[PDB]
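Inspection log for the structure reproduced underneath, given as C-alpha cells.
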Amino acid sequence: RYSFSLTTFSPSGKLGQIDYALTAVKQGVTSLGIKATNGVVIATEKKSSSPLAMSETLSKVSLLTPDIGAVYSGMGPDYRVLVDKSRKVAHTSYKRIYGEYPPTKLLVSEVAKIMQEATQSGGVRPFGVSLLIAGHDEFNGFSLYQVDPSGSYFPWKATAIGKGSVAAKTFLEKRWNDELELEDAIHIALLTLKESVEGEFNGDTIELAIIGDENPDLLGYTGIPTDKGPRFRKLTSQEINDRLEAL
Amino acid sequence: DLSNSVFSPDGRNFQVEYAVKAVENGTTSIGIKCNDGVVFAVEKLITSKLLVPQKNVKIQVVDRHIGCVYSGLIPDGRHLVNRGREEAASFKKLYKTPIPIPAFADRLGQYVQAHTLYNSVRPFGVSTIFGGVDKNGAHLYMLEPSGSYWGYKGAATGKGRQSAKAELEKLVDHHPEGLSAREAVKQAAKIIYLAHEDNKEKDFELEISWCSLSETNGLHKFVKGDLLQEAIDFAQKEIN
Amino acid sequence: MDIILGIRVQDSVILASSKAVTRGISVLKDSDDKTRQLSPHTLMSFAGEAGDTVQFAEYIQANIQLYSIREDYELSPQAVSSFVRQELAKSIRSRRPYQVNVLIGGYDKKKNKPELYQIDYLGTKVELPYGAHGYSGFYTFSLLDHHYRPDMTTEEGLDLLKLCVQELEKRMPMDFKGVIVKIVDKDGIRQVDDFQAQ
Amino acid sequence: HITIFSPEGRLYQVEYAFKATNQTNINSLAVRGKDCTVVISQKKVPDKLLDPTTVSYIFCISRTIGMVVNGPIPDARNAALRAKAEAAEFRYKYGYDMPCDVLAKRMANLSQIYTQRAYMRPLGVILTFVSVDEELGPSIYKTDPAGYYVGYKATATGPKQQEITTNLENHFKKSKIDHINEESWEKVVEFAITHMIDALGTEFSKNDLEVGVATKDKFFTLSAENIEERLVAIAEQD
Amino acid sequence: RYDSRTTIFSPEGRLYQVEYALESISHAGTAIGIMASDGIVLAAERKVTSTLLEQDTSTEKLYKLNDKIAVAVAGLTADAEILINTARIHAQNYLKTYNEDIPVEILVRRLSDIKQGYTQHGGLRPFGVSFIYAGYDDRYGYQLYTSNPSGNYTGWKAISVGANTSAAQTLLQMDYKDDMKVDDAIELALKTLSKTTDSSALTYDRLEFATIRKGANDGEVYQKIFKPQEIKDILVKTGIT
Amino acid sequence: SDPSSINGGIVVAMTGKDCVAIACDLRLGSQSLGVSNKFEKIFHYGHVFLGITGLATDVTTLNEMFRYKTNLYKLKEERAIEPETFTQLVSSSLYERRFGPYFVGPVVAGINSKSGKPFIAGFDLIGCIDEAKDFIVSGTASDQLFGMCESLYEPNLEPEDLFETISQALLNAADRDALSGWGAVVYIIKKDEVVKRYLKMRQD
Amino acid sequence: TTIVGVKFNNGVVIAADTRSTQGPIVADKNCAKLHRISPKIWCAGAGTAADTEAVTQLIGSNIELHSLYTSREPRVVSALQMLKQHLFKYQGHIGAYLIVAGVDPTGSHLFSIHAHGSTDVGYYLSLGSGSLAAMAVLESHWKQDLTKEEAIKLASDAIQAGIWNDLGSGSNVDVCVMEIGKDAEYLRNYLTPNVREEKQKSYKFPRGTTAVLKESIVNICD
Amino acid sequence: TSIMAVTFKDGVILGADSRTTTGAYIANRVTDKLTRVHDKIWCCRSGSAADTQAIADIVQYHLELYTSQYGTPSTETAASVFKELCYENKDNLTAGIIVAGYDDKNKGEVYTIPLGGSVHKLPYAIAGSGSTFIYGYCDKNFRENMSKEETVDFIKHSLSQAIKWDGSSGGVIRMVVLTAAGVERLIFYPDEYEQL
Ligand SMILES: [Mg+2]
Ligand SMILES: [Mg+2]
Ligand SMILES: [Mg+2]
Ligand SMILES: [Mg+2]
C-alpha cells in the first residue's frame, strides 16, 4: 500500500499505476531486436498455451507498414488492438496528407501519442505492453525503437524486454559491433533467444521477422519504376530451423 | 460485495441476489400456457377496508395481445412495462405485424440486462411473468433481476412460489395435452388461494386475465364478470 | 461609395476622408469622422457598408489596445495591418461578411519610417505610397502618379492632396461635403482641423 | 477490486470474470470435420416446469456461423446480439459475408476496449464460434472475457476442461493429422459424443445433450429427434 | 487536509500535489543555461544510460522551438513532448497572424499558463517538467527564462535545473562577469557541469549542447544544436583527453 | 461572375537540363483599375518554390498557410520539405476545402536534394495534379502562355538560355492579356545558387 | 475523358487515353486516368478529375487497412460497395464515373459506377465523352471468350476509336492487366500514335535579348 | 423501365426488361432489374437508378438481420420495410418499386410501393416507364390465377407490346419464378416476343 493506485504524484515524484503497468511488461514473454547496418531484426518466443491451439493464427511481430513492423512483450490483447489503430493513424495523420508512408521516428511518436492518452486521464488504465518497432525510411536509414506504456520511447541498437531481459541484455551487449550485416544479426538473435526458452526451439514456435530489402515479387504489380516493394519480412517456419545449423 | 457492477472472488454479483431476495418477499404471481393462449393471476393484498375493490390493477396489457404481470417492487415493475410498451409500438410501426412474443422477451431481457452492467444504476427488483399468441401459437416466459428468463408451461414468483409450483407440477401429467381454455382460468383461481396462506390473517382480492384465439380472439382480456365469479367459487369448493 | 485617401511622405502619413452621411435621399450628419485611432501611432480610415463599417473598426481597435497594455509594448503598423487582413480574410467566408474597405496609416518607430497599408474587404492588403478605395482612385490616381515624390515635406503632401480634392469636387457627381485630414508621425496624431479655413 | 492494475499488473476483475463463465455448469466441446464442423454442449434441464425448446447455449448468428458459449445465459444473449449484428452490418458495408476468425476479432477487440476504458463490467462468458469459410475451410476460434481469441483444431469449455481435452490430444498424437478424418457429419457427430461419453464417465439420453454442425455454408442446430438417432448409430459400432 | 488531489487545499494554503511534482524535477539530468552579452548557452547531461543506446539521429533534452528560441527539458519525457508540440504550434499562429516572430517573454508566459491550468482543475494532474528557455527577439534582445510545473516563469542571468542544481548553482554565482563573452561561458558550462557528476568522468556521448548568437555579418540570429563531433572536440579544447 | 479573373496575374515554369525556372508578372488590381506593381506571386519554403495565381487574398492566405506548415514539418522531421512531398500536400490541402474552394492556380517547382531531379507541377483550385516535364502555366492569360511555350520549349536548355526563353514566353503572352503586366520577375534555380531578375516591360 | 474495360477467359483489362481538357484547352498531354486501388483492383475514371483521384486514394487507403486487419484479401465488390456508398451519400455532388476492375480470391471482376451511386455490370463497359465511339467498336467485334491477345487488341482499338472521332480525348494509350493467377502489369503508354512532327525552325534566342532592370541572389536556409 | 409481378396457383413470378436509358441513349441494355432481398422475397425496381439500387441494399440488410433473431419474415413484413424508406424521404427519391414474395401459408403476395410511399396488395401490379399501354391488355385479359406455364404468357405478351411502343424500355425479358419448388431463373431472347 501507498499513494500508488490512481493517476497522481507519489511524495517524491513517482507516478503511480504506470510502474505496475511496467510490471505486466517485465512479467510478460521475452522479446528482442537488433539494428544491423544493412538490416534490422525483431523476434520473440511463441510459448503455446497447449498443443491443441493452432498457434499459427496469431502474429506477435506484426506489419505496421511495408517498411515497418514491430513486436511486444506483455498483455497479448493490448498489442492486438493497439496495432490496428496504430496502422490507421499512420494513414489518416500521414499518408492521406502526404501521399506516401511515414518514417520510423514519426510513426513511433504517433503510436506514443496514443500510448500517452491512456495515462493523463482518470477512468482509463494504460496499456500493459512495451513495443519494439523496427523500421527504415529513405532519409534516416535503419531504425530501432522501444515504446513503454508511459508513452515514452527510446532509439536502440538492440535489446530485449520481458522475463529474460536482465540476462539477454547482457549477452547481446557482449556480441555487438557496428559492422554486422543482417545474417550476422539473425544468427546472433537466435543464440540469445536460445537461452530465454523453456519450451521448444523449432520453427512454428518462434516468431521472427525483419526489415531487409525490397521484394519486387510480393507487390502483385509491375510497370511503375519508383514503386518497388516492402522490406518487412516475416520469416516463416521453414527459413528458420535451417539457420539452426551454424550455431 | 456492495456495488452493482463488481464480481466476487469467484465470479458473483451480490446486488443481483438481493434483487432476487426482494422479488421473493413481495406478493405471488403466476401464469399458465394452455390449449391456445395463456392465463395469468396475481395477489392484491387488501390491507384495510378502505380499499376500493376491482381497483388497483397489478396486471397490464401490451399492444393488444400480451398479458403481463409480476411481483417484487411495484414501481420497478411499472417502469419496465413502459419500455416494453415503446419497443412494441415502435416495432409495430416498423414491421406492421404485431410483435412476436419470442423476441419481445429479449427486448426486455436486454433492457433488464443493462442494469447489471453499470454501478450508477440499480438492478431490476422484479420477476416478471407474461405471454400471448401470434401465428405459431401462444408462449409464456418469466424474467428475473439477473435478466435471465425462459419459456415455462406455467410460472410463479413472489412469496409462496412452491405452493403453485408443485401445484403446476400435477397439471402437467394429468393433462399432458394442455389444459382446457376455460378450466385453465378456474384452475388458476384455485392455485392462487392455496398459495395465499401466509397473508392468511389478512384478506385479499384475486385478479385474472387471459389470451386465446377461441376465447379472447387473439387478444388479451381481463377476466372479470360472470366467468370471474364461478372461477372463484370453483376454487372455494376445493378450498377444503 | 465614400471617399478614403491616404498618402505616405517623408516622415509621416496623411489621411483624407469625406464627411457626409447619406440615407437614400436626405443627408443626415455632414461632419462625420470616418476615423478611429488604434494606438498612439497607428490610425485607420474606412468606408463600407452602413452598419458593417463602424462596428468592425471599434472591434479591431479593441483587440489592439488590449494587446498594447497587456504587453505594455506597442504593436508595429506592419503587424497590425497583417491582423486586420487576417480578420477580414475569415470575415469573407463567414456566414455574413463585414463589407468594409480600409486604409491604415502608422509610424513604425523601430525603423523610424512611416508605412501605409491599403486593404479591401476581401482581405486584400498592400503596402503603398498612397491609395484610395472605391471610385476615389479613378479621379485622382493620375495626379499622384504625376507629382508624387518620396521626399516631399508634410506640407508638400497637403498641397498635392488639396489639388486632388479640388478635382474630386469638379468631376464627381456626389457632394461629399468636404474632408477631414489627419497626420501620423514620430510625434503621434494631430488633426489638420484648419482644412475648413484652408 | 475495481478495473485498474494490481501491484503485479493483473487486475483481477478480469480473472474473477473467468470462474463465473465456468460456474454455469455445462460442458462444451468442438472438433473439425473435413467438409463440416461440430460442437458438443450438455443440455441439463432441471425444473420440470420449463420447456426444452427455450433452452440452449448455441445460437444461429449467421447463415453459416453458429455460436456456443459456456457462460451465464443473460450475458450470453447480449454477446449473441451484438455479434449477430456486427456481421449483419458487415455484409452490408463490404459486399461479402463475414468469416469466423474475424468476428472473433472485433469480438475480442470489443471486450478489450470495455476492459480498458471502463464503460461497463466484462461479460462473464466464453464464446466458441464455428463455421466453414471458403478461405480457410473448417474454422474454430474461441474468445474469453479478458478480451482475447485464438485458434483451435478442436476445443472445449467447461467445469471439466482438460479431461475432455487430454482425450482428444491422445487421439490426436495417433490420428496425427490436425482434424477428424471422415466425410459425413453424422459420422463425425457420432465421434465426438463418443469422445465425450468416454470422457465423463457418464451417459446421455436424447435430450440430455446439445449439438450443432457447420456445413458448406448452411449452419443448423441439431434438434431433439435427429439427435437421438446418432445414439442409435453409435451403440453397436462401439 | 493531507496529500491527494490537486483541487485540495491544506489547512495552511499549500498544494502538496504540486510541491511533489515541483520537486520531482530533482530526478532529471542536470540542464544549464547561461547568458552572455553576445550569445546564450544551453548545456545538458544525458540520463537513462546503458551501452546499447543511440542518440545521434535524435535527442531528449535540447529541443529547438523556434528559429529564434530554444529550450532545455528536465522532467517527464512523456509530458514534455506534449507541451513542446503545442508550444511550437502557438508560436506559429503568432507568426501566421502578425506575420512576425513571436517574442520569447510572450511564448514562455502562455506555456506557464497551461502548466498552471492543470494546477487548478479536477480530473487532471500537473505536468512534471522544468524548462530553460533561451532565445532572442528585437523587443528585449537576448533572454534567458525558466519555468517550473507550478506555472511560474523567471528571468535569469544564468540558471540550472534538475539534479544537484543547488551545488551546480553556487559554482555559477562565483564566476560570472555580466559581459562574459560566450566562449568563457561554453567553457564555464562544462566546469560547472563536470563538478556534479556520478560518472567516473565526463564523456561526450552522455552530454547535450547548443548556443544562440547573432550579429552584423548574419544581420539576423543563428542557433546551433551541436552534433556528436563538435562536442567530442570542444571537450578536448577545455582540456579533457 | 468569375473570381479568378478579378485581380489578374500569371505564372509560368520550365525545366532545364539540371535546373528550373519560374516567373510571374507583377500587376494587381480590381478589374480595370490597376493598383500595385510590386505584388509578387512567387515565394518559397527553404528550397521549394510556389507560384500562385487567381484571387489575391486567397493567394496571400495560402502563402501564410504554407509557410506555417513547412516550418512545422522541417521541425519535427529535422529536414526541409521535399518537392514531390509538398506537391502531394498542397494537393490534399486544396481539397480539404473542396466545397468552399480557394480560387487559385498554383504551380510548384524545385530541385530534389537527394536525386537532384528538377520538378514542376500545376493544379486546379481543388488540388488536381498536373505533372509535366516541360512547362506549367496558370492565370489569366493561360491560353496565351500555351501558345508561347508550345513553340519555345526545347527539351533541356542551358540555364542561361532557359532564362531567355521563359522570359520571352512570359513577357510576350502578357501583352496580349489585358489583365497582366506592370513588370515581372524570373528566378533561376540551380543545384546550389539561385538568381532573381526583374525585367523591363510595357507599363500599360 | 474516354475509357473502357473488357474481361477475357482468365482476367480483365481496362484502358484510357492520356489527354485532360479544360473547356477547349488541353491541360495535360500525358495524364494517367488509371489509378491503383490495390495490387489487383484498379480503376479508370472520367468526368471531374480531382474527384476521381482523391476518391480512389481514399478507398485504396481503407481497403488496405481492411485486408491487413482481416489477414485475408481484397474482394472486388468490397471496393465497389465502399465507393458507391460514400459516392451516393453525396447525392451527385461528386462527378466521377468509373470502371472499377480487378481480381479477388474468387474470380475476375468488372463494374461501372456512375456519379450518383449507380453500378452496372457486363463484359465490357465504356465511360467518358467518347463513350459512344468506343462503344460501337465493342458492339461488333465482341465475342465471348477472348484471350489475353484477342481482348487486349480490342480494348486498345476501342480507345483508339475515341481518340480520333471524339475531340475530348487524345494523345497516347494507357493499359493495365489482371490475370486470374498471375500479377498485374501497368503499361504506361502501350501506344504512341499521336507524336508531334519535328518543328520547322529553331526558336532558341541569342543570350541577352531580354532587358533586365535588376538582379541578385535570393536566400534559402538558416 | 418496364416491370411487374403476377400471382397465381403455385405462387407468383415477377419479370422485367433489361433496358436502361440516359437521355435517348442506352447505358446498359442488359440490366438485372429483378432484385433479391431474401430467399423467397424479391422485387423489381422502377424509376431512378442510383436510388432504387441503394434502397434495396439497406432492406436486404434489415431482413437478413431480422431473420437472425425473429425467424423467417413475411411478405407483408417486407413491404412495410420499404414503406418506411420510401416515405420518410419522398423528397430525394424517385422509385416506382414493386415487391413480391411467397410463403407456403399465405401463398405469394404482391405489393406495390409507388412513388410517394403508398403501399398496395393487388392481384398483380405493373410499373415502369412503359406500363402505360398494358392497362388495356392486362386488366381485360386477366383470369383469376393460372398455371406456371399458363401465366408465363401474360408476362410474355404484356412485356412484348411495351417494348413495341416505348423506346425507354426494351432489351431482353427476364423472369424470376418464386414457388414451393424454389427459384427458377428465366430469360426470353428477342426474335421470340417480336414474332408474337
Ligand atoms: Mg462500471
Ligand atoms: Mg488560367
Ligand atoms: Mg497587358
Ligand atoms: Mg423499346
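Residues in the C-alpha cells are numbered from 1 in each chain, the chains being A, B, ... in the order shown, and ligands are numbered from 1 in the order shown.
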What do you get as an NGL selection string if you pick all residues at most 7 Å from ligand 2, counting only C-alpha atoms and all ligand atoms?
:F and (138-142)
Considering only C-alpha atoms, return as a list in words whatever protein or nucleic-acid residues lie within 8 Å of residue 125 in chain D, sequence-local ones (same chain, fewer than 5 positions apart) excluded.
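Within the cut-off, the hits are residues 18, 20, 21, 22, 69, 70, 71, 72, 75, 76, 144 and 145 of chain D.
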How about saving the chosen residues, N, CA and C atoms kept, as a CSV table (one decimal), in the first residue's frame?
```
chain,number,residue,atom,x,y,z
D,18,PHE,N,-13.6,-14.9,-15.2
D,18,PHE,CA,-13.5,-16.3,-15.7
D,18,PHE,C,-14.3,-17.4,-14.9
D,20,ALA,N,-16.9,-17.4,-13.2
D,20,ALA,CA,-18.3,-17.2,-13.5
D,20,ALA,C,-18.6,-17.8,-14.9
D,21,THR,N,-17.7,-17.7,-15.8
D,21,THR,CA,-18.0,-18.2,-17.2
D,21,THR,C,-18.3,-19.7,-16.9
D,22,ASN,N,-17.4,-20.3,-16.2
D,22,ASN,CA,-17.3,-21.7,-15.9
D,22,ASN,C,-18.5,-22.1,-15.0
D,69,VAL,N,-21.6,-21.1,-26.1
D,69,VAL,CA,-21.0,-20.3,-25.1
D,69,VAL,C,-21.1,-20.9,-23.7
D,70,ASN,N,-19.9,-21.3,-23.1
D,70,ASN,CA,-20.0,-21.8,-21.7
D,70,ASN,C,-20.1,-20.5,-20.9
D,71,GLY,N,-21.3,-20.2,-20.4
D,71,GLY,CA,-21.4,-19.0,-19.6
D,71,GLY,C,-22.9,-18.7,-19.3
D,72,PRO,N,-23.2,-17.8,-18.3
D,72,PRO,CA,-24.5,-17.3,-17.8
D,72,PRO,C,-25.4,-16.8,-18.9
D,75,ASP,N,-25.8,-12.8,-19.9
D,75,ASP,CA,-24.7,-12.2,-20.6
D,75,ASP,C,-24.4,-12.7,-21.9
D,76,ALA,N,-24.8,-14.0,-22.2
D,76,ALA,CA,-24.7,-14.6,-23.5
D,76,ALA,C,-25.6,-14.0,-24.5
D,144,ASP,N,-12.5,-15.2,-24.9
D,144,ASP,CA,-12.8,-15.1,-23.4
D,144,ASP,C,-13.1,-13.6,-23.1
D,145,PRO,N,-13.6,-13.4,-21.8
D,145,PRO,CA,-13.9,-12.1,-21.2
D,145,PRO,C,-12.8,-11.2,-21.1
```
So which residues of range 71-129 of chain C fall under strand (DSSP E or B) by DSSP, listed as a ChimeraX atom specification?
/C:100-108,113-120,124-127
With C-alpha atoms retained, could you export that selection as a compact mmCIF listing (two decimals), in the first residue's frame?
```txt
# COMPACT_ATOMS: atom_id res chain seq x y z
CA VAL C 100 -15.67 47.17 -45.41
CA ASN C 101 -12.63 48.70 -47.02
CA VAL C 102 -9.73 50.43 -45.17
CA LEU C 103 -6.51 52.41 -45.13
CA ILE C 104 -4.07 52.03 -42.30
CA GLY C 105 -1.54 54.69 -41.51
CA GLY C 106 1.18 54.33 -38.86
CA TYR C 107 4.72 55.36 -37.99
CA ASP C 108 6.99 52.34 -37.39
CA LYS C 113 9.85 55.37 -41.06
CA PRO C 114 6.09 55.82 -41.99
CA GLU C 115 4.19 52.85 -43.52
CA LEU C 116 0.77 52.83 -45.29
CA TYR C 117 -1.34 49.81 -45.99
CA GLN C 118 -4.48 49.74 -48.21
CA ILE C 119 -6.88 46.83 -47.63
CA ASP C 120 -10.19 45.90 -49.26
CA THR C 124 -6.50 42.20 -49.92
CA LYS C 125 -3.57 44.08 -48.45
CA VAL C 126 -0.68 46.04 -49.99
CA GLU C 127 1.92 48.48 -48.65
```
Counting only C-alpha atoms and all ligand atoms, what residues are within 8 Å of ligand 4, given as a ChimeraX atom specification?
/H:19,162-171
Identify, on the basis of only C-alpha atoms, every residue whose closest approach to residue 207 in chain E does not exceed 12 Å; exclude the query and any residue fewer than 6 positions from it along the same chain; express the result as a JSON list (two decimals) with N, CA, C and O atoms, in the first residue's frame.
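The result, stored in out_0.json:
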```json
[["chain", "number", "residue", "atom", "x", "y", "z"],
["E", 29, "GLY", "N", 18.17, 14.81, -15.56],
["E", 29, "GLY", "CA", 19.51, 15.23, -15.93],
["E", 29, "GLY", "C", 19.72, 16.72, -15.73],
["E", 29, "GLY", "O", 18.81, 17.53, -15.96],
["E", 30, "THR", "N", 20.92, 17.06, -15.26],
["E", 30, "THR", "CA", 21.31, 18.44, -14.99],
["E", 30, "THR", "C", 21.42, 19.27, -16.27],
["E", 30, "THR", "O", 22.28, 19.05, -17.12],
["E", 31, "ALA", "N", 20.51, 20.22, -16.41],
["E", 31, "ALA", "CA", 20.49, 21.10, -17.56],
["E", 31, "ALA", "C", 20.86, 22.51, -17.08],
["E", 31, "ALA", "O", 20.46, 22.94, -15.99],
["E", 32, "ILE", "N", 21.65, 23.19, -17.90],
["E", 32, "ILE", "CA", 22.08, 24.53, -17.57],
["E", 32, "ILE", "C", 21.98, 25.48, -18.74],
["E", 32, "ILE", "O", 22.16, 25.10, -19.88],
["E", 42, "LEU", "N", 23.12, 26.59, -23.84],
["E", 42, "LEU", "CA", 22.32, 25.57, -23.20],
["E", 42, "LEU", "C", 23.16, 24.31, -23.14],
["E", 42, "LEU", "O", 23.54, 23.74, -24.16],
["E", 43, "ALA", "N", 23.47, 23.91, -21.91],
["E", 43, "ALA", "CA", 24.24, 22.72, -21.63],
["E", 43, "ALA", "C", 23.35, 21.72, -20.89],
["E", 43, "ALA", "O", 22.52, 22.12, -20.04],
["E", 44, "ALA", "N", 23.53, 20.42, -21.17],
["E", 44, "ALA", "CA", 22.73, 19.38, -20.52],
["E", 44, "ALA", "C", 23.43, 18.03, -20.40],
["E", 44, "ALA", "O", 24.13, 17.64, -21.32],
["E", 45, "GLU", "N", 23.25, 17.35, -19.27],
["E", 45, "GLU", "CA", 23.81, 15.99, -19.10],
["E", 45, "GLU", "C", 22.73, 14.89, -19.26],
["E", 45, "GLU", "O", 21.76, 14.82, -18.49],
["E", 46, "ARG", "N", 22.95, 13.99, -20.22],
["E", 46, "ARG", "CA", 22.03, 12.90, -20.51],
["E", 46, "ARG", "C", 21.85, 11.95, -19.34],
["E", 46, "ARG", "O", 22.63, 11.99, -18.40],
["E", 47, "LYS", "N", 20.79, 11.15, -19.39],
["E", 47, "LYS", "CA", 20.48, 10.15, -18.35],
["E", 47, "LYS", "C", 20.17, 8.80, -19.07],
["E", 47, "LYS", "O", 20.76, 8.52, -20.13],
["E", 48, "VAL", "N", 19.25, 8.00, -18.51],
["E", 48, "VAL", "CA", 18.77, 6.66, -19.00],
["E", 48, "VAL", "C", 19.84, 5.64, -19.55],
["E", 48, "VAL", "O", 19.46, 4.54, -19.98],
["E", 49, "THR", "N", 21.14, 5.94, -19.41],
["E", 49, "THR", "CA", 22.26, 5.12, -19.93],
["E", 49, "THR", "C", 22.38, 3.58, -19.80],
["E", 49, "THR", "O", 21.81, 2.93, -18.92],
["E", 55, "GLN", "N", 21.67, 8.14, -30.03],
["E", 55, "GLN", "CA", 21.25, 9.46, -29.52],
["E", 55, "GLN", "C", 21.56, 10.56, -30.54],
["E", 55, "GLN", "O", 21.21, 11.73, -30.34],
["E", 56, "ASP", "N", 22.20, 10.14, -31.63],
["E", 56, "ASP", "CA", 22.66, 10.99, -32.73],
["E", 56, "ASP", "C", 21.58, 11.49, -33.67],
["E", 56, "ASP", "O", 21.50, 12.69, -33.94],
["E", 59, "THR", "N", 17.53, 13.29, -29.88],
["E", 59, "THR", "CA", 17.92, 14.00, -28.66],
["E", 59, "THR", "C", 16.71, 13.85, -27.73],
["E", 59, "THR", "O", 15.66, 13.33, -28.11],
["E", 60, "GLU", "N", 16.88, 14.31, -26.50],
["E", 60, "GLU", "CA", 15.84, 14.29, -25.48],
["E", 60, "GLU", "C", 16.40, 15.04, -24.28],
["E", 60, "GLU", "O", 16.85, 14.45, -23.28],
["E", 61, "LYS", "N", 16.49, 16.36, -24.48],
["E", 61, "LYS", "CA", 16.98, 17.35, -23.53],
["E", 61, "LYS", "C", 17.01, 18.72, -24.24],
["E", 61, "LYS", "O", 16.54, 19.73, -23.72],
["E", 62, "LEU", "N", 17.58, 18.78, -25.43],
["E", 62, "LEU", "CA", 17.60, 20.05, -26.14],
["E", 62, "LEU", "C", 16.68, 20.07, -27.37],
["E", 62, "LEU", "O", 16.89, 19.35, -28.35],
["E", 189, "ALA", "N", 30.42, 26.42, -18.60],
["E", 189, "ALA", "CA", 29.35, 25.42, -18.63],
["E", 189, "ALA", "C", 29.87, 24.08, -18.17],
["E", 189, "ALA", "O", 29.38, 23.53, -17.19],
["E", 190, "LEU", "N", 30.89, 23.58, -18.86],
["E", 190, "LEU", "CA", 31.47, 22.30, -18.52],
["E", 190, "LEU", "C", 32.06, 22.29, -17.12],
["E", 190, "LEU", "O", 31.78, 21.38, -16.36],
["E", 193, "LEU", "N", 29.31, 21.93, -14.83],
["E", 193, "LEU", "CA", 28.72, 20.62, -15.10],
["E", 193, "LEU", "C", 29.50, 19.39, -14.67],
["E", 193, "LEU", "O", 28.91, 18.43, -14.17],
["E", 194, "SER", "N", 30.80, 19.38, -14.94],
["E", 194, "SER", "CA", 31.68, 18.27, -14.55],
["E", 194, "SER", "C", 31.48, 18.09, -13.07],
["E", 194, "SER", "O", 31.05, 17.05, -12.58],
["E", 197, "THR", "N", 28.92, 15.20, -10.82],
["E", 197, "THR", "CA", 28.67, 14.00, -11.61],
["E", 197, "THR", "C", 29.05, 12.69, -10.95],
["E", 197, "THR", "O", 30.10, 12.56, -10.30],
["E", 199, "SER", "N", 29.30, 9.93, -12.85],
["E", 199, "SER", "CA", 30.05, 9.15, -13.83],
["E", 199, "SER", "C", 31.50, 9.40, -13.40],
["E", 199, "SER", "O", 31.82, 10.46, -12.83],
["E", 201, "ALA", "N", 33.90, 10.11, -14.98],
["E", 201, "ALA", "CA", 34.35, 11.32, -15.66],
["E", 201, "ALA", "C", 33.35, 11.68, -16.78],
["E", 201, "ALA", "O", 32.48, 10.87, -17.15],
["E", 225, "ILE", "N", 22.39, 23.43, -32.63],
["E", 225, "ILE", "CA", 22.27, 22.27, -31.72],
["E", 225, "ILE", "C", 23.50, 21.45, -32.13],
["E", 225, "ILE", "O", 23.59, 20.94, -33.25],
["E", 226, "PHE", "N", 24.49, 21.38, -31.24],
["E", 226, "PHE", "CA", 25.73, 20.68, -31.54],
["E", 226, "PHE", "C", 25.66, 19.19, -31.80],
["E", 226, "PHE", "O", 25.13, 18.42, -31.01],
["E", 227, "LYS", "N", 26.25, 18.79, -32.94],
["E", 227, "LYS", "CA", 26.31, 17.40, -33.37],
["E", 227, "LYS", "C", 27.49, 16.68, -32.72],
["E", 227, "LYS", "O", 28.58, 17.26, -32.55],
["E", 228, "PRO", "N", 27.30, 15.37, -32.38],
["E", 228, "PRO", "CA", 28.23, 14.43, -31.74],
["E", 228, "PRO", "C", 29.73, 14.74, -31.83],
["E", 228, "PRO", "O", 30.47, 14.58, -30.85],
["E", 229, "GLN", "N", 30.14, 15.21, -33.00],
["E", 229, "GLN", "CA", 31.52, 15.56, -33.28],
["E", 229, "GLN", "C", 31.98, 16.80, -32.49],
["E", 229, "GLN", "O", 32.65, 16.66, -31.45],
["E", 230, "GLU", "N", 31.59, 17.98, -32.97],
["E", 230, "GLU", "CA", 31.95, 19.28, -32.38],
["E", 230, "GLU", "C", 32.18, 19.21, -30.88],
["E", 230, "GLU", "O", 33.10, 19.83, -30.33],
["E", 231, "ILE", "N", 31.33, 18.43, -30.23],
["E", 231, "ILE", "CA", 31.36, 18.21, -28.79],
["E", 231, "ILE", "C", 32.59, 17.42, -28.39],
["E", 231, "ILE", "O", 33.45, 17.94, -27.66],
["E", 232, "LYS", "N", 32.71, 16.20, -28.91],
["E", 232, "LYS", "CA", 33.85, 15.33, -28.62],
["E", 232, "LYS", "C", 35.14, 16.14, -28.71],
["E", 232, "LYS", "O", 36.11, 15.89, -27.99],
["E", 235, "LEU", "N", 35.43, 19.59, -26.05],
["E", 235, "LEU", "CA", 35.66, 18.94, -24.76],
["E", 235, "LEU", "C", 37.16, 18.87, -24.51],
["E", 235, "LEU", "O", 37.63, 19.13, -23.40]]
```
Per-residue DSSP, chain C, filtered to alpha helix (DSSP H), as a ChimeraX atom specification:
/C:50-70,77-92,136-147,154-171
Taking only C-alpha atoms and all ligand atoms into account, which residues are within 9 Å of ligand 1, as a list in words?
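Counting only what the definition allows, namely only C-alpha atoms and all ligand atoms, the set is residues 4, 5, 6, 117, 118, 119 and 120 of chain B; 2, 3, 118, 119, 120 and 121 of chain D.
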Closest-contact table, chain F side, partner ligand 3, 6 Å, counting only C-alpha atoms and all ligand atoms, as CSV:
```
residue,atom,partner,partner_atom_place_in_ligand_line,distance
F:174,CA,ligand 3,1 (Mg),5.6
F:175,CA,ligand 3,1 (Mg),4.3
F:176,CA,ligand 3,1 (Mg),6.0
F:177,CA,ligand 3,1 (Mg),4.9
F:178,CA,ligand 3,1 (Mg),3.9
F:179,CA,ligand 3,1 (Mg),5.6
F:180,CA,ligand 3,1 (Mg),5.0
F:181,CA,ligand 3,1 (Mg),5.2
```
Which residues are close to range 55-59 of chain C, i.e. within 10 Å by only C-alpha atoms, leaving aside same-chain residues fewer than 2 positions away? Reply as a PyMOL selection string.
chain C and resi 34-38+44-46+50-53+61-64+84+87-88+98-100+102
Which residue, H:125, H:5, H:85, H:178, has the smallest gap to chain B when you use only C-alpha atoms?
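Result for the nearest residue to chain B: H:85.
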Which residues come within 12 Å of residue 95 in chain F, counting only C-alpha atoms, excluding same-chain residues fewer than 6 positions away, as a ChimeraX atom specification?
/A:96-97 /F:88-89,101-103,123-129 /G:50-51,53-55
Name all residues at most 12 Å from residue 74 in chain F (count only C-alpha atoms; drop same-chain ones fewer than 2 positions away) and give them as an MDAnalysis selection string.
(chainID E and resid 64:67 88) or (chainID F and resid 45:47 67:72 76:82 86) or (chainID G and resid 221:222)
Got a sec: who's within 7 Å of range 53-65 of chain D, counting only C-alpha atoms, leaving out chain neighbours fewer than 3 positions off, as a list in words?
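Neighbouring residues, sequence-local ones excluded: residues 150 and 151 of chain B; 68, 69, 84, 100, 130, 131, 214, 217, 218 and 219 of chain D; 68 of chain H.
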Rank nothing, just name the residue among C:176, C:67, C:130, C:148 nearest to chain F, using only C-alpha atoms.
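Among the listed residues, the smallest separation from chain F belongs to C:130.
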Restricting the calculation to only C-alpha atoms, which member of B:236, B:163, B:136, B:148 is positioned closest to chain H?
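Of B:236, B:163, B:136, B:148, the one nearest chain H is B:136, counting only C-alpha atoms.
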